[PDB]
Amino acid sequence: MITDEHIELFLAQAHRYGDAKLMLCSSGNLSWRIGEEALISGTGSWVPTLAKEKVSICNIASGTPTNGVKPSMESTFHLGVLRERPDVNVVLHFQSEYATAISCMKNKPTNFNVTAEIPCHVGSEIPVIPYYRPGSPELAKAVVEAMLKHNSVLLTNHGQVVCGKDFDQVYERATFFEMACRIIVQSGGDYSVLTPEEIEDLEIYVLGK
């Protein structure tokens, strides 16, 4: 069913995330649901300059590759999220600049709501997962749990994961996740946040949009 048309668009999106510097070289991975199957970046591949030859196809329900190309060593949480979240179509694990700095900090933010776009796009709460070996079962299980009700998670000493309806939403979510972290580091940690009431107020603004 899936044509080279979808695989070409997947490729350009992977490059687009690489041009935005959401990940460097061989860290991070991407997936995209088309019907009963998903496109996932191949293990050990560079998402910025991605493949074509190293694009894996798996069945979402029994996540074994059908195209005979080995998937991301982290495909378990990619596909897990997709089984879990019927509304989600793209998952991006990346490794941003300031957001990775923060993921490695001993004193992490309790509150990332520094501008309106953060609670609106990234989520009003950002679950933080402790360090697990990349590709470890324990990691997949935590991400899947974290992403049942959240679109954005911080992996400590690793990077971050984001998901959404399409490539643009995922791009938007990734960039603002990065921007929140940039504000926090660059302000020197002495910032103020939106009030709970004020984040609820935004519903009216989101409606109008």
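Quick note: we count residues from 1 along the sequence shown, nothing fancier.
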Q: Going by the average Cα B-factor in the PDB entry, point out whether 158 to 166 or 62 to 70 comes out higher.
A: 62 to 70
Q. Higher mean Cα B-factor in the deposited model: 148 to 156 or 33 to 41?
A. 33 to 41
Q | Third assignment of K54 from its chain's C-alpha B-factors | A | highest
Q.
Looking at the temperature factor on the CA atom of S136, which third of the chain's modelled residues does it land in?
A. middle
**Q.** Assigned third (lowest, middle, highest) for the C-alpha B factor of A116
**A.** lowest
Q: Within this chain's modelled residues, let me know which third the CA B factor of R85 belongs to: lowest, middle or highest.
A: middle
Q: Please rank the C-alpha B-factors of the chain's modelled residues and tell me whether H78 sits in the lowest, middle or highest third.
A: highest
